[PDB]
Amino acid sequence: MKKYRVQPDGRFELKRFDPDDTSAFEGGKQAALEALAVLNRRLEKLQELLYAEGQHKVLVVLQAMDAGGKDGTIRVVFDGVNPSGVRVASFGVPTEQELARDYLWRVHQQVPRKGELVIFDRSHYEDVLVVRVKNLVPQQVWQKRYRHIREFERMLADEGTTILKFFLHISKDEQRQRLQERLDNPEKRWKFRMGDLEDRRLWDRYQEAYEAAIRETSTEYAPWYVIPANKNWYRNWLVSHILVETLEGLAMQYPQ
Amino acid sequence: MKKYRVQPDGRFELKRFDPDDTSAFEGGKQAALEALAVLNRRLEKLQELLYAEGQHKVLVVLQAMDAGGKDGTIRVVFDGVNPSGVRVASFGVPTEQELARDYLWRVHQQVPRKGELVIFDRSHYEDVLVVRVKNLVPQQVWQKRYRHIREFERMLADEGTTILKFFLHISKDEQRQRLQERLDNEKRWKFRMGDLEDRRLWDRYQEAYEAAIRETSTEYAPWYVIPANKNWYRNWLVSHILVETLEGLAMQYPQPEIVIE
Amino acid sequence: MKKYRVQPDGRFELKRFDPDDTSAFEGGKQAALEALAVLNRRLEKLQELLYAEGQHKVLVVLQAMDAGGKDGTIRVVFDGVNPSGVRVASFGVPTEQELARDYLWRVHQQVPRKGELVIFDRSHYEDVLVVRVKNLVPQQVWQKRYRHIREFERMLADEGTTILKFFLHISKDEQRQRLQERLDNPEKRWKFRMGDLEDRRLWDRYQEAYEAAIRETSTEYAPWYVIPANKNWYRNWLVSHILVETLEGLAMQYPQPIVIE
Amino acid sequence: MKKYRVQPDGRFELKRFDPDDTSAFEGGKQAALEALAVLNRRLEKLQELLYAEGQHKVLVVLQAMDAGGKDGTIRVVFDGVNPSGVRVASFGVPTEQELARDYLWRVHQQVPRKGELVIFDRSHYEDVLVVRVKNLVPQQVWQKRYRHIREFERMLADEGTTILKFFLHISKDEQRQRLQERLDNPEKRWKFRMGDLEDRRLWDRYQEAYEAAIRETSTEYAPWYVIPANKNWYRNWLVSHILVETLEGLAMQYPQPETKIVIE
Ligand SMILES: Nc1ncnc2c1ncn2[C@@H]1O[C@H](COP(=O)(O)OP(=O)(O)OP(=O)(O)O)[C@@H](O)[C@H]1O
Ligand SMILES: Nc1ncnc2c1ncn2[C@@H]1O[C@H](COP(=O)(O)OP(=O)(O)OP(=O)(O)O)[C@@H](O)[C@H]1O
Ligand SMILES: Nc1ncnc2c1ncn2[C@@H]1O[C@H](COP(=O)(O)OP(=O)(O)OP(=O)(O)O)[C@@H](O)[C@H]1O
Ligand SMILES: Nc1ncnc2c1ncn2[C@@H]1O[C@H](COP(=O)(O)OP(=O)(O)OP(=O)(O)O)[C@@H](O)[C@H]1O
């Protein structure tokens, strides 16, 4: 339900959300997997509607601590959706070309067009996250970006983009296990890079940056949802539920 | 299977391929779906390898007569593939922006990067198909493009791109039936009036497809003629050809350079 | 002389600016040409500094009624500037690709990078100008865009873009002569577009739209300048003066730092 | 005018071109400057036709040894050209995003459109130059690229692009002065890199790559011109002459009006 939408009152505190919380689903993994299968099928039908109607633009932003489940959320929640109408835009270390323009330039280029659903795998929020945590620009610079982001998203929404932002929220010990497993798994070693450790040493700074970002930019037109993500089955189910409910609210119809 | 690969001998004749041929699968519809499901899961694992290895580029080109099943092929063959590694680039009627540059400009911009598999829903070949059939440029112009394409694809492959080109081959009457289907129903939005103009030109299109295939099917960028009158056979055959191709790359997960605290 | 900078008090009135005003220059065309040549030489040197320092981004927006002199301003004001560091981005009728995204998508793509000076030949302001005058989207939509533009420009400025916006202001009788000239000159007829006459019939609505846009979006970090433009020599001189002074105000420095055998 | 167009016979030899050659212009520095001014103004006027006609695409390639004068040529040759029709595309060290595609991806994106003149400040040729000299890919890789480039440029020309490729040819001792003068000038030190020295130490391997590239890719649809570039006034004059005449050969026309009538 909507106990996970962050209200636009600037009173948000990340400690009020428990990464192991599963209270929204009355059951465990096995029943959730079945309910996910039902939601996934509705998602597929709604996506085909979105694409066919060709009017709405849908933007899903995914942010998380490292190993917080971004890849799994993309892979599982959107399984079976027509590839012609869903696109993943990943944002990594900015290139020199990208740093030569404002930080929103490379992000604005990737926004979804009419009839399209786009997933931001990481996003412009990295410019008030990692950029803040590692002081890649002075605080006086990034402090102003919360306003930039609110106004950029307001413009997107005003012009027809439905915006969903999900913070996949895992605990510190959960990250330790996933990072270790990533080491203890030959098919996952490629995902692990030593830089992952340095980011972990800053666990508390990142959590502070995430709370500030979420408090500052969760709006009626661009809400943040905090997703307890220690349980993959719960994470996938809750994201699917919110996404499906949002898409249903658009009242999309096939053209005559 | 390889009897469906157009050899680079310039002696391709499209009549030597039956739109209803299914001789490559020993069974019927139901047995094929079982093998297709097996191939699909094979496809998924190979995509995750491709993405993880981050070395090869894979370009799948889809061409067919209208209603020849390209949209269905994309939706069925790549069901369940991780969206982060599979991308569809569709090419429609060129804009003024795209016509102000060479015809390959808009196509080159969309090629797959390392670790990525890209589906061309239509391709640069439209510039030696519809462009030729409707004489949108003089033959003196487009007849040169067979070489451009051979060389453009040669450069892509030399630099690491695996190229598969599939012609989904249906019969004319089969087309009529499917077109009539499009009018009857949730799909009416897909139907176009220009489609009829193209239908009367069925023969000029078949000739262009044979010419393009004869001219541009190469060792580094082969054409496969896919009997596509049967969707279950079409999907199975394309899946089989692709999976073999990905298997031939012998891809391996990379390697690393210890206890997390 | 910042008598032409529109202050950010939302009080701007277009009627208080006379297109024939030349009061800022004590002289006429011949003396202005000499002052322009002096300013142009400084501009060329400041541009080389901008490029060499590689930190600031400079955006010059040009808007005007049709035949209001934007092409002439570009040609004359930027005569002799190194092509490696200045670039014109012109905005015409949005394509379907561009209309499928928010109106700022196609504009953001063209903003200047570090060390570069970009001229917007027309700009995002068309989306509260022609779009407003001809109701290309409902008033409920475009009325919201003044805020979008204020915040878009604020973000650009916060992140290092110096923004100058020039409204080249000609009178209605002046536009009649210049349009009539474009018809009577074989070297300019191609510039004449039949839509221009429709736009002329709406002269008053465009003036209203320009007044609203300028009142709504002239801010400290992104000022509008109203340029009396009936006199080309005065227009070119005044734009050069404002541009040069702005660039001088940035106080740009060449970057910091053995024999060759 | 005729003697600087590398013939498409694959026997091109660089040592048969003198960086100090000025034999194409009858005069000295001052007489060339006057002719350069005359060519410059025709260039301005021809560009306005190109832009207005909106049919032809014009691509000017500039390659040179470091400090060989590519920046100066752009600054001088195109001084006074309307920015609305002339665009410079610079190519530096590829980003990871650009390396994830074939080396021609980032270059093809920048080709000129109809009515436009584009200057490639460095180009796709760097992928058989610095890439070859420093073995950024195995010779097995970059050896195939001469073919790629001939065919890429053939496609461009067939589809309406006029291609001019200029190698600005300076001597090893001449480069030494410009690099030195680059240090001895507070307004130019920013241009000097230490990598400039490591590339200078490889002068001969670079010269060999240029001869190979020029011999392999000079064709009748995409000619290379070797420009004696030790003297700036001659370099600027010669490049201007070749460019202007080529533009004259296009026989560009102002369009016909839309459709005598009166304005109210
Ligand atoms: N604006 C930014 N400034 C600096 N670093 C950034 C920015 N945006 C993204 N990054 C960083 O880019 C890094 C790598 O992203 P990339 O997708 O290229 O690699 P990856 O191995 O797939 O990582 P992941 O799956 O965690 O995104 C991340 O650590 C992220 O913090
Ligand atoms: N280079 C080209 N020049 C002219 N027409 C082209 C070109 N490329 C594709 N086309 C034509 O444009 C149409 C494809 O446009 P688009 O992708 O918008 O179609 P659609 O309505 O989605 O359906 P479909 O693509 O399946 O036919 C086809 O009729 C094709 O022949
Ligand atoms: N956002 C927009 N919405 C609608 N029309 C627009 C928009 N932006 C620009 N235009 C229109 O585009 C036209 C300019 O087109 P373009 O620049 O391609 O041609 P042009 O002949 O050079 O015209 P001009 O010299 O007046 O700019 C103008 O009529 C202008 O009103
Ligand atoms: N394909 C390529 N592979 C490797 N290096 C390349 C490639 N293309 C260009 N470069 C190199 O990029 C370097 C930097 O050029 P850049 O345009 O970024 O800036 P610059 O300092 O102004 O250089 P310059 O004035 O010498 O052109 C040059 O040394 C050039 O050789």
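An account of the accompanying structure is given in this report. (Residues numbered from 1 in each chain as written, not as in the entry; some residues may be left out. Chains lettered and ligands numbered in written order. Heavy atoms only, no water.)

This part is about the sheet that holds strand β1 (residues 57-64) of chain A. Residue and element names in this part refer to chain A. Strand order in the open sheet formed by five strands is β2-β3-β1-β4-β5, with parallel pairing between adjacent strands. Two strands bound the open sheet, and with one partner strand each, they are β2 (86-90) and β5 (224-228). Between one strand axis and the next, the sheet turns by 20° as a mean value, whatever way the strands run. Of the strand pairs in this sheet, strand β4 (residues 161-169) and β5 are connected by five bridges, and their pairing is parallel. Bridging from a neighbouring strand, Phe166 pairs with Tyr225 of β5. Set on the sheet, helix α7 (residues 145-158) makes contact with β1 and β4; between it and β4 the angle comes to about 135°. Helix-sheet contacts for helix α10 (residues 203-217) involve β1, β4 and β5, and the interaxial angle to β4 is about 155°. (Pairing = 2+ DSSP bridges. Helix = DSSP H or I, 4+ residues; strand = E, 2+ residues; numbered from the N terminus. Axes fitted to C-alpha atoms, helices over the stretch in contact; angles between N-to-C directions. Contact = heavy atoms within 4.5 Å.)

With respect to the helices and strands, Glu151 of chain B occurs in helix α7 (residues 145-158). For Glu151 of chain B, the residues in contact, after removing those within four places along its chain, are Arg147 and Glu151 of chain D. At 2.8 Å, the side chain of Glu151 of chain B forms a polar contact with the side chain of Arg147 of chain D. (Polar contact = N/O pair within 3.5 Å; in protein donor to acceptor, adjacent residues only side chain to side chain.)

It is worth spelling out the interface of chain B and chain A at this point. Across the contact, 22 residues belong to chain B and 25 residues belong to chain A. Together, the buried faces of chain B and chain A total about 2300 Å²; carbon and sulfur atoms form 65% of this surface. Note that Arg75 of chain B and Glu48 of chain A form a salt bridge whose closest N and O atoms lie 3.5 Å from each other. Here chain B and chain A share four residue pairs in polar contact between them. Those elements that place two or more of their residues in the side of chain B that touches chain A are α1 (29-53) and α2 (70-77) of chain B. Partitioned by chemical class, the residues of the side of chain B that touches chain A number twelve nonpolar, three polar and seven charged. (Buried area = accessible area lost by both parts, 1.4 Å probe. Salt bridge = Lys/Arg side-chain N within 4 Å of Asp/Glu carboxyl O. Nonpolar A, V, L, I, M, F, W, Y, C, P; charged D, E, K, R; others polar.)

Take the sheet that holds strand β2 (residues 86-90) of chain C next. Residue and element names in this part refer to chain C. Strand order in this open sheet of five strands is β2-β3-β1-β4-β5, and the pairing throughout is parallel. Strands at the two margins of the open sheet, each flanked by one partner only, are β2 and β5 (224-228). Strand-to-strand twist across the sheet, computed as the mean angle between neighbouring axes with direction ignored, equals 20°. Where β2 lies against strand β3 (residues 117-121), five bridges are found, and the strand directions are parallel. Note that in β3 the partner of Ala89 across the bridge is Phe120. Packing against the sheet, helix α2 (residues 70-77) makes contact with β1 (57-64), β2, β3 and β4 (161-169), and its axis sits at approximately 160° to β3. Its contacts with the sheet put helix α10 (residues 203-217) on β1, β4 and β5, and the angle it makes with β4 is roughly 155°.

Turning to the interface of chain C and chain A, a few remarks are in order. Taken residue by residue, the interface counts 26 residues in chain C and 26 residues in chain A. Summed over both sides, the interface of chain C with chain A buries roughly 2500 Å², with 49% coming from carbon and sulfur. When residues of chain C are sorted by the area they lose upon contact with chain A, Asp102, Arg113 and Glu159 of chain C head the list and together hold 22% of the total. Along the contact surface separating chain C from chain A lie seven salt bridges. Where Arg145 of chain C meets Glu159 of chain A, a salt bridge forms, and the shortest distance between an N and an O atom there is 3.2 Å. Mapped by element, the contributors of at least two residues to the side of chain C that touches chain A are α3 (96-99), α4 (105-108) and α7 (145-158) of chain C. For the side of chain C that touches chain A, the class distribution of residues is ten nonpolar, three polar and 13 charged.

Helix-helix packing: each pair is described by the crossing angle between the helix axes and the interaxial distance. Residues and elements named next belong to chain C. As a packed pair, helix α1 (residues 29-53) and helix α11 (residues 232-249) sit with axes 9 Å apart at the nearest point and diverge in direction by 30°. On the basis of their axis angle, the class for α1 and α11 is roughly parallel. Helix-helix and strand crossings are classified by hand; for α1 and α11 the assignment is left-handed. Contacts between α1 and α11 pair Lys29, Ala32, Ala35, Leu36, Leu39, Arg42, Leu43 and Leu46 from the former with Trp233, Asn236, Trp237, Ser240, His241, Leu243, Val244, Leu247 and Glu248 from the latter. For the contact of α1 with α11, the class distribution of residues is eleven nonpolar, three polar and three charged. (Parallel < 35°, antiparallel > 145°, perpendicular 65-115°, else oblique. Left-handed = near helix turned anticlockwise from the far one by under 90°.)

Looking now at the environment of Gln7 of chain A. Looking at the element boundaries, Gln7 of chain A is found in the segment before α1 (29-53). Classification of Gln7 of chain A as partly exposed rests on a relative accessible area of 41%. (Buried < 20%, exposed > 50% of the residue type's maximum accessible area, 1.4 Å probe, protein only.)

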